[PDB]
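Trainee: Below: the sequence, then the experimentally determined structure.
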Amino acid sequence: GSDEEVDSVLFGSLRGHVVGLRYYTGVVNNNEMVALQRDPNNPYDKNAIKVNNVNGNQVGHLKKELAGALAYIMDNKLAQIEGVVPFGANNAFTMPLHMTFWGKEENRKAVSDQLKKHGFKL
């Protein structure tokens, strides 16, 4: 259970750039935290990660390139990608995202392999 899966070590922090903001509003709280979820519906793009902040707005979304790496780590729950917005979404346009990446030694090989192979983080 949670003693296995929630128990994860820090990989570090990853830098991203959310294109999905300008979809509807591109507004959040000045220091939000965004949760990365996989496809909420998207049939042919199951890779497409639907990002939603802890306020409850589905404001963020990855591109098929960015999501194309993290999709394996997301769907199979190989590691945790926890997003945070210190920028506050001052503009509706694309801003730097700060994702603090967690995961376990066992999965680190497969995860890091995909991260350097595809070369995409968000």
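Mentor: Yes, it's here. Residues are numbered from 1 along each chain as shown.
Trainee: Which secondary structure elements does the lengthiest helix in the chain sit against?
Mentor: Longest among the helix segments of the chain by residue count, using DSSP state H, is helix 105-118. The helices and strands touching helix 105-118, judged by 3 or more Cβ pairs under 8 Å, 6 or more residues apart in numbering; DSSP states H and E, are strand 9-18, helix 64-75, strand 79-85. Backbone N, C-alpha and C define where each C-beta goes, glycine included.
Trainee: so which of those gets nearest residue 44?
Mentor: helix 64-75 (10.0 Å; Cβ to Cβ).
Trainee: ok, and what's touching that closest one?
Mentor: Helix 64-75 is contacted by residues 16, 36-38, 45-49, 62, 78-79, 81, 103, 110-111, 114-115, 117-122 when judged by Cβ atoms under 8 Å, 6 or more residues apart in numbering.
Trainee: In the protein, which residue is most central in space?
Mentor: residue 36 (4.2 Å; Cα atoms, centre = their mean).
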